[PDB]
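Here is the naming used below: chain letters follow the sequence lines, and residue numbers restart at 1 for every chain.
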Amino acid sequence: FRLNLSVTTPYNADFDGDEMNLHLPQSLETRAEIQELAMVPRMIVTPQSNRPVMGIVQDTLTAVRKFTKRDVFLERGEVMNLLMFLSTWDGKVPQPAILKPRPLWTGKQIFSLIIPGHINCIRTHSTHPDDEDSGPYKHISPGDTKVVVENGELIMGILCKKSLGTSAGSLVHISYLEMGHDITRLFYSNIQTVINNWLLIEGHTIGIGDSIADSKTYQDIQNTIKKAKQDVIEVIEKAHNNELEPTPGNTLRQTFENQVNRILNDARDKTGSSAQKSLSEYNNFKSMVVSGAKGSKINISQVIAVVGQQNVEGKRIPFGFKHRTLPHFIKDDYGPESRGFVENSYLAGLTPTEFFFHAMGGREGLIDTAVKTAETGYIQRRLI
Amino acid sequence: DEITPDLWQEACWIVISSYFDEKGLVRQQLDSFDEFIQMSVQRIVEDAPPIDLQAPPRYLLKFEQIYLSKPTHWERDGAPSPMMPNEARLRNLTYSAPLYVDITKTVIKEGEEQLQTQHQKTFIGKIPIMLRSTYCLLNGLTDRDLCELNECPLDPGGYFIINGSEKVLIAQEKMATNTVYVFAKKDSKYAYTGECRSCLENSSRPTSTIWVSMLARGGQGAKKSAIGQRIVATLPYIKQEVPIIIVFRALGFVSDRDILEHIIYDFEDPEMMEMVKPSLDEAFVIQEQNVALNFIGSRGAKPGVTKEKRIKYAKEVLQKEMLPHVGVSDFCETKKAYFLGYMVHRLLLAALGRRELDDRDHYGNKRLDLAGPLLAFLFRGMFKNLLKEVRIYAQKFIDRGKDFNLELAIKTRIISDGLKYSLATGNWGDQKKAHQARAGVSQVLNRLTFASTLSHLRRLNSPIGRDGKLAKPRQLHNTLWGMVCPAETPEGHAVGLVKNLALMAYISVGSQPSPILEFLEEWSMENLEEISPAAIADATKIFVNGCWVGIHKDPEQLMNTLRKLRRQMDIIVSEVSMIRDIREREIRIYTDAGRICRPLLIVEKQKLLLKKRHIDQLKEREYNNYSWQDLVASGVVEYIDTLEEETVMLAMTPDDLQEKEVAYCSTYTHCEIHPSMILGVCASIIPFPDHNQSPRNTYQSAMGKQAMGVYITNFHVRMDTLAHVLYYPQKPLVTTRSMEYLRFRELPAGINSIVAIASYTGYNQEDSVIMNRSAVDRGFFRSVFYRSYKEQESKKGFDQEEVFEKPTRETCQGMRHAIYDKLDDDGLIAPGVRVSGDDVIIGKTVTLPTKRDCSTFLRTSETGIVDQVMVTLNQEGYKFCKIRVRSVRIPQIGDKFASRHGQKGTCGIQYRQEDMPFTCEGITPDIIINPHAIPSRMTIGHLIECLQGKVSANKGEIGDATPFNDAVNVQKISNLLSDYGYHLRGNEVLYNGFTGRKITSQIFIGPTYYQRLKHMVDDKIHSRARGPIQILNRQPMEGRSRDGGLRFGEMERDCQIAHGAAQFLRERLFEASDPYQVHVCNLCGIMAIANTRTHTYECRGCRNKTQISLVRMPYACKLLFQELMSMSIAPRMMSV
Amino acid sequence: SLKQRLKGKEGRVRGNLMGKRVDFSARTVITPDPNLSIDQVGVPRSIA
Amino acid sequence: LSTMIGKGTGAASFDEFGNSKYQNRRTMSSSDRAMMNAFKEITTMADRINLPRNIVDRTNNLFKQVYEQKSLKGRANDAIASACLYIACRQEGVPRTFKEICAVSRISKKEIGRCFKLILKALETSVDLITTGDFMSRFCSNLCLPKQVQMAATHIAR
Amino acid sequence: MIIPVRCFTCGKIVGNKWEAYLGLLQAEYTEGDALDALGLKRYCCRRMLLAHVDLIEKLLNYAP
Amino acid sequence: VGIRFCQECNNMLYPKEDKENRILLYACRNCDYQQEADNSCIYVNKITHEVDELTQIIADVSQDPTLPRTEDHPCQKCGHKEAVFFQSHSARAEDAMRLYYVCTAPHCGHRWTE
Amino acid sequence: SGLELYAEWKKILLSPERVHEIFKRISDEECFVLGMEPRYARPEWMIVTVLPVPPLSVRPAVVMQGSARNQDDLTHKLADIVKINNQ
DNA sequence: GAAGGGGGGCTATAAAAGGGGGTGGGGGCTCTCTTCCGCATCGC
Ligand SMILES: [Mg+2]
Ligand SMILES: [Zn+2]
Ligand SMILES: [Zn+2]
Ligand SMILES: [Zn+2]
Ligand SMILES: [Zn+2]
């Protein structure tokens, strides 16, 4: 069974072996019911959260973000290829944004043809700075992070999950509220076909090069971790010397864990941000995160900076042995390494203790997934 | 001299190589079975009481010695012959060895004359034999000899062949016996509960559990609150809890000082004394041993008619049913008082907070029941039955005054069928008592891949039921390090419950504690019966297999002596655990089976006892006789169980942790041979597994079990129900050190693929894959699907028989629209004949009481060629035919493919070579995966393997992806790649195949090992359009193989209600499933009798036939109303 | 018994009335097709 | 066809004094009970000399006909079962000697031979005459003689 | 089981190079040198021989 | 606070008063034996139960290889530099992070808290 | 106590026929007060006097492994009921 | 004293006679709701 990529989200479907069922209505009366009530275009906006249930996904979402960048220019031949994949195209080639020295169409120009009707939408790109709205360039965005669709044309802004995903106020949401399901149906397919074929030119990959960082970034990450180790050691000394005053409402043990977890959480955040800054505009990890197609800033930090603290039942790795987590540690070892803080990134690789503690943390997610499927299923049935 | 860090990596893998050269990978299976045959079977027969007959002449029978011959098969003519395992598989025989016993028969005729006759080697049944065990025919055969027998030398054995089915006993995980465990139940009425599961030595009559519990303080009262919490004991065979002090009185300790001396070893401690005061007051009424015994007897299993019977019964329970492991004799009351006091003492420490509560998830507190202990448990029951019927048979003859024939008294079916049935079905115990029989112990060995076969032989089953849900048993406990793979575990209801042994983990087979006890007595250990209770406080208790043997005043010297003996292998065998709890002043020694242990390098004075001379001797492992066992004899490596690991200070590596550095630990006792040994068989094939997110490692361990390859070298001779063989398996370009011992090179399950991580045409999105059509045209991931059909013709009944023949449409009653032309005259299709769906491969006709058709129809989807047609006699002597159909599976759209990092995906499209993107060299990727699969999954090991694979292919060297290896870094791999004229990060400039234009982004491309998974779309595609219906519900059948319909369940029903599609909902649930019509009486809503032929409708009960209404309802609704009517309910359908 | 037949997920009511197996249904693996509309499904000829 | 009551679980299942109030009752017919015991005896004898299940099935069918025909009602069931086992071996082409059948049976050779004659009369059936080659494979295999010696013995007797 | 006739990626013939490849390794050649001697320059073709497992040799041990 | 058993039948002795003498006495239930009471305290209940953990520590813990050892806390008795430190890890304390030191010198099981 | 009713005042086994006789004498008006419609549910009908035997379709025998019918669990149970009541 | 030899009993076949004995076949894991008991309270 072959499916459009957009309907994968409403179905919660993937293509790693998922099987879907087909039911063929056997009469006109039931055939008309499905046609007039249950067709995918009529299902675009869900009443659960008054927003679209399907949007633009992995390749098209990552590519449309690249496509609508300010500096994307298309030659005459490239543009004519894309318009072949625009079913709603009127057949009129728009005047290029640049006429001399060479005729060049921008990506926004071509996307404007995809946008149906004359809808008007205001969105912000994921990387829109907060202080730009208060600055002197509110309506002329230096970063192209302000999305304005006016009269059905994308006049500025980079499109991403925020303006094309399954969120209220999305450009896809406006198309449904304004143009209806049939025109919105074509809007979905036209985005995919046009930008999928442009991605054949621009391309998109992910490799080792996107997991590396500058030696300066590695030193900053190493220094941040080294400082975090000393900070946890200092707190341990205070607790050992009875110099730690319990925070009101918490026991001494709870106070110590809060301080240690706060130190290590901040170190993970500081190392993560340090890794993110080092990433270039060409970085493919960042490309799929800014577009919202896949991954998050935490994934990037884990791959580059540090995996971080491993937790079991919301606590650091417990003393499964007698007062120690593993036979490789001394007893009463409350340092970050003993209790499951992974100071390495995935690229660097985990040490044997980190690998095992990381396996302990991963097992919790697997147990939850098995539990969540049945625990929530019973709730759904009883509610119905 | 000493191993320098520059040579440690080679040195440590020489050690690991020698371990696997000796032990193999199914050693736990084979060693456990060898112990059961060599020792347990003889012990069970010896331990059996002599059979005494008296009804006058007196006959005695004693079973002296056990003999076992080679696995033998008897032809229908009665000629014995050795049974080869391959013959057992083909002819569906059970691989069993005849069992013989020497029986001595002495008769006393009251004439002061004794006649003694011995029946040497009396046949008493057949024992299934584990393959490649000491008693298997393949034992001691060279690899050349195995090939001559059509046996794969790489086949590890460790499984049984029952009715031709390869059966593997899964290690059953259970809480350790004879050990006192204190647990706290939040909800229960007891604040704390100290249990002990006591079992006899050699695992006699099953374990007897005793609970010592402290009542919770929840109860509010002036008397209850003032006294505190009282301790009660839950003895076996007693309905109600018995106060603890009463049990001590029944043992023979009346005075409070005497009882407290067994519970409290230091009266100077007042806190513990106050804890037992409420218990003393509870039993203040009982002040005599006989009164206490009567009190316990009053609650006995059966009511006591008189006091004398009650006292006798109570003494019986305490003597043997209570703490049997402590003692089962009449003089063991003092020993049981001390142990019972220790249980109370342990409970008090838990209540006082002085000792931490025991952890059920700790594997020190766990035992794994392997084939031996499993088989021994069955054999004890069967042998008792054998003697029970021997007594019953001999009783009849001796009663009549005639002597009895000993051979005719023995029923050989008892042991032969009892052993066979338990292994055949997996229901553990008795067929009659299947209600309490443990299920899933025996499983058909998985032969999908060699790695899957190895994994199934090292599987561990948790005691917790799969249906039950509880996170804690499913969690990855700290104590699984080095013992259980932290990654290999199934996904779903069995997460964390089914486990796999770590690579070097070993399960103790068990040994007698007699040599240890004798040495302890010789050493300065004071016996428990000779000391005064006051001396226990300062001394350390000595436990051997959970039995408190005595006390010692110099624990440090004793432990050093014990450790020295075990390292020298003088009196203590290697698998014996010696644990000293310094804080608790206890030394625990364990010798029983089921303890999980792993070999560790011994460290003395921050120095490995392993030196360069050991490595040099191992390097010449052959033509030198130096092996792994010499390392254990030399005392440089020893086995450590989970309990002993708590007391071990262990160094991950010698190169770093032993060396002088910032002072962290200057007292190291042991060292890992290599940290990569924490992984099991399936996780050991993941390259760079320490660069992946942990769930990805778990997913690959599952996927690797489903990867096609060559599951066994002799697959051609085998006729398995399903078998997948890859045309061109390759060994991975990027391998792990551990893979050398999994024989993965010899039986690979994948191909090295040029993989580009690119967004090409949108056909690889959402975990989908683009495959190169031209590469597939060249045999890339081509595989064979072998399916075997077995049919047996059996004659059973007065005139009913089944035969192989071509059923003529006129002669035979039953018939189908299939094609019967392919069948030969003998009713069997011939090899080399193309067969499609709805084709008959076996022509079977059963005589009608003319004859019905039971012919075997080829699977509808299947379209192959008959490969082999084997005909023989099965175990029952009936003519037996197996037909293998061969179908070639070219990778299609929808076939699953995975890397070794949890990145599975179906093929979304196949492009030809010209359509694929190419490098400047003309290289096109065999596979294109979406970049969006990497970021969220964080399978960085996939990217490193691709980079390392590129270097390996260019350099010509198989890359090393062993997890915790500082010698390999991404920067190092990148620098190597630069030397071959490639971008150091594995990117290449690719050209669009459709236009030839350079792609703006450079594509990460390189060799990656992928594996074709068993799941092929053509085996899953299923369509239903008015098929057959089932008899009970008259609804579409179930299953793809039965042309069943898809279920339209409650959730789909609920979904269509929200849609408001009432008519479509009616189609699915009424019109498309089971449309039915009934006639209902109008006066009463009951279904009326309708005769459409006569057009007469009557309602028997209303005496009316004019007003009957036709009602259209689902057949299942009719069945419901009729079923409700069977319960006297009257569902009356009213049309008004 | 009769009671066992009616109760539970696989019982008569929930297993055969609230939900049941149906004719004219098909099942197979799903693969991407960016060239189909969101409201289209690509179907094998064998199922059709 | 019948159902057996299972073991009690709660206190309601047990009588006022221990013993379970719901106890299994012997509802098997005398004819079926005797026939069931004969089949058990037939399988016990067959396992002693390792006879295949197909010969046992033939023996069970033979006993049912003789048991129903009731010409041997005066003879012990074990003797009929032993004689039926002997006949089944002959019918299958793998005869056992009367002594070999007697070794696995409490019934003597004379009584087996007598029941054997009656069963043939009752069933109106016959058994092909035994030849020297019908025993060579079992006798030589039990004596541990090579195939060449077995072939020589088979030729010499024939 | 047996050396593939063609390289899966480019279609170069590699089924006439397994015996030569084995002989070169017998002549103390390194795997990289032996592959170079056979003319397998693209790492797709080097992958074919460098990662091949000749199981047909094991299968010939079993009697037909 | 102390516990006594009668010298006659070695059973638990419980407190009792005599009105004639108005002096605390310990009387055995099943024995009728009586004894003069010298403690005068029937029992003491320690809600805080700040029991000195040093008493609970065993000097043998210095032989544990898994306990950390510090040379910066010399033994106060013998002056040995090396000492082994650990936490109480005892329930009912409601708070425990302080270290308890034990001298590693053999025959000197000195224990202290910093 | 299980499937048996005991009436204690002393203590006797309350037989189903005894309960049947008691229920037979309850008036229709009294039955209505007890929340039982007399025409659709009488208290005495709750006592099994005649046992309904399900149709064959409710308890069908399934054919598997030759022409040997395997009877339904209900059919097996009905055999016990028919035997005991006959006895 | 091991081994071959000789003599005699056993096996089946029919048949009659009469009675004892052998054989086979009947019969006397978590959460929620309901029920029972002890207590303190008033009432008369
Ligand atoms: Mg999926
Ligand atoms: Zn009616
Ligand atoms: Zn090539
Ligand atoms: Zn006393
Ligand atoms: Zn000191």
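Both the backbone and the side chain of B/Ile944 come within less than 4.5 Å of a heavy atom of chain A. For A/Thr351, the part lying under 4.5 angstrom from a heavy atom of chain B is the backbone only. Contact of B/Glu1050 with chain A is made through the side chain alone, with heavy-atom distances under 4.5 Å. Looking at A/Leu22, the atoms closer than 4.5 Å to chain B (heavy atoms on both sides) all sit in the backbone: N, CA, C or O. Residue B/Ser768 touches chain A through both its backbone and its side chain, counting heavy-atom pairs closer than 4.5 Å. Interface residue B/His362: only side-chain heavy atoms are found under 4.5 Å from chain A. Both the backbone and the side chain of A/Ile201 have a heavy atom closer than 4.5 Å to some heavy atom of chain B. With a 4.5 Å cut-off on non-hydrogen atoms, B/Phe964 touches chain A through its side chain but not through its backbone. Residue contact with chain B, scored on non-hydrogen atoms closer than 4.5 Å, is absent for A/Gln192. In this structure, the portions of A/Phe321 lying under 4.5 Å from any heavy atom of chain B include both its backbone and its side chain. At a 4.5 Å heavy-atom cutoff, the contact between B/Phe994 and chain A is made by side-chain atoms alone. For B/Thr489, the part sitting under 4.5 Å from any heavy atom of chain A is the side chain, from C-beta outward, and nothing else. Contact of A/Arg324 with chain B is made through the side chain alone, with heavy-atom distances under 4.5 Å. Residue contact with chain A, scored on non-hydrogen atoms closer than 4.5 Å, involves the backbone of B/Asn692 exclusively. With a 4.5 angstrom heavy-atom cutoff, A/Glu364 touches chain B only via side-chain atoms. When heavy atoms are compared at a cutoff of 4.5 Å, B/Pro963 does not approach chain A at all. Contacts of A/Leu5 with chain B are made by side-chain atoms alone, with heavy-atom separations under 4.5 Å and no backbone atom involved. Within the 4.5 angstrom heavy-atom criterion, no atom of A/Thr369 approaches chain B. Interface remark: A/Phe357 contributes side-chain atoms only to the contact with chain B (heavy atom separation under 4.5 Å). Using a 4.5 Å cut-off between heavy atoms, A/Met360 touches chain B through backbone and side chain atoms alike. Residue B/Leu679 touches chain A through its side chain alone, counting heavy-atom pairs closer than 4.5 Å. Looking at A/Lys66, only its side chain comes within 4.5 Å of chain B, counting heavy atoms on both sides. The part of B/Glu356 that comes within reach of chain A is its side chain, from C-beta onward, which places non-hydrogen atoms under 4.5 angstrom from that chain. Contacts between A/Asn344 and chain B at a heavy-atom distance below 4.5 Å are absent for every atom of the residue. Residue B/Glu1071: no heavy atom, backbone or side chain, is found under 4.5 Å from chain A. If you measure heavy-atom distances from B/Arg696 to chain A, you find no contacts under 4.5 Å at all. Neither the backbone nor the side chain of A/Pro47 comes within less than 4.5 Å of any heavy atom of chain B. The contact between B/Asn697 and chain A is made entirely by side chain atoms (from C-beta outward), counting heavy-atom distances below 4.5 Å.
Counting only heavy atoms from C-beta outward, the side chains of B/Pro935 and A/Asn299 never approach each other to under 4.5 Å. Side-chain atoms of B/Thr761 and A/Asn196, non-hydrogen and from C-beta on, never get closer than 4.5 Å to each other. Between A/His328 and B/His670, the closest side-chain pair of non-hydrogen atoms is not below 4.5 Å.
Your options are A/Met288, A/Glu354, A/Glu33, and the one with the most heavy-atom pairs under 4.5 Å with chain B is A/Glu33. When the candidates B/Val769, B/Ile934, B/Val648 are compared by the number of heavy-atom contacts under 4.5 Å with chain A, B/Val648 comes out ahead. Options B/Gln475, B/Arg997, B/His477 differ in how many heavy-atom pairs under 4.5 Å they form with chain A, and the most are formed by B/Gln475. Top candidate by heavy-atom pairs under 4.5 Å with chain A, chosen from B/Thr479, B/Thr995, B/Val495, is B/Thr479. With respect to chain A, the highest number of heavy-atom pairs below 4.5 Å among B/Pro689, B/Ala651, B/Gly908, B/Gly941 belongs to B/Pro689. Contacts with chain B were tallied for A/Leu326, A/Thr373, A/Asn284; A/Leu326 has the most, counting heavy-atom pairs under 4.5 Å. Annotation: maximal heavy-atom pairing with chain A below 4.5 Å, among B/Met649, B/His983, B/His1015, B/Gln1002, occurs at B/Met649. Comparing B/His1059, B/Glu646, B/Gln693, B/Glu491 by how many heavy-atom pairs each has under 4.5 Å with chain A, the most go to B/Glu646. Among the candidates A/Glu36, A/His323, A/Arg2, the residue making the largest number of heavy-atom pairs closer than 4.5 Å to chain B is A/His323.
Checked by atom type and distance alone, the side chain of B/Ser936 never pairs as donor or acceptor with a backbone atom of A/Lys294 at under 3.5 Å. At least one donor-acceptor pair closer than 3.5 Å links the side chain of B/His691 to the backbone N or O of A/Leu347. Within the 3.5 Å criterion, the main-chain N or O of A/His358 finds a donor-acceptor partner in the side chain of B/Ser694. Under a 3.5 Å cut-off, the side chain of A/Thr205 and the backbone N or O of B/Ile757 do form a donor-acceptor pair. Put simply, the side chain of B/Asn478 gets close to the backbone of A/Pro318: a donor and an acceptor are under 3.5 Å apart.
Here A/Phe15 contributes atom CZ and B/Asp767 contributes atom CG; the two are 9.5 Å apart, rounded to the nearest 0.5 Å. In this structure, OG in B/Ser1001 is found 10.5 Å from CD1 in A/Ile206, a value given to the nearest 0.5 Å. For the atom pair CD of B/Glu766 and CG of A/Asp59, the computed distance is 9.5 Å after rounding to the nearest 0.5 Å.
Donor-acceptor pairing under 3.5 Å is recorded for the side chains of B/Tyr664 and A/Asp333. Between the side chains of A/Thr30 and B/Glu1067, at least one donor N or O sits under 3.5 Å from an acceptor N or O. Checking B/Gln765 against A/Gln58 by side-chain atom types alone, no donor-acceptor pair falls below 3.5 Å.
The pair B/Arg985-A/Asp210 does not count as a salt bridge, with every side-chain nitrogen at least 4.0 angstrom from each carboxylate oxygen.
Residue-level contacts of residues 374-384 of chain A with chain B, in order of numbering, are A/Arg381, A/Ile384; threshold 4.5 Å between heavy atoms.
Judged as a ring pair (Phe, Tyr, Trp, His ring centres under 6.0 Å), and not counting sequence neighbours, the contacts of A/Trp198 are A/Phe67.
Taking all atoms of both residues into account, the shortest heavy-atom contact from A/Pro25 to B/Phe1064 is CG-CE1, 4.1 Å.
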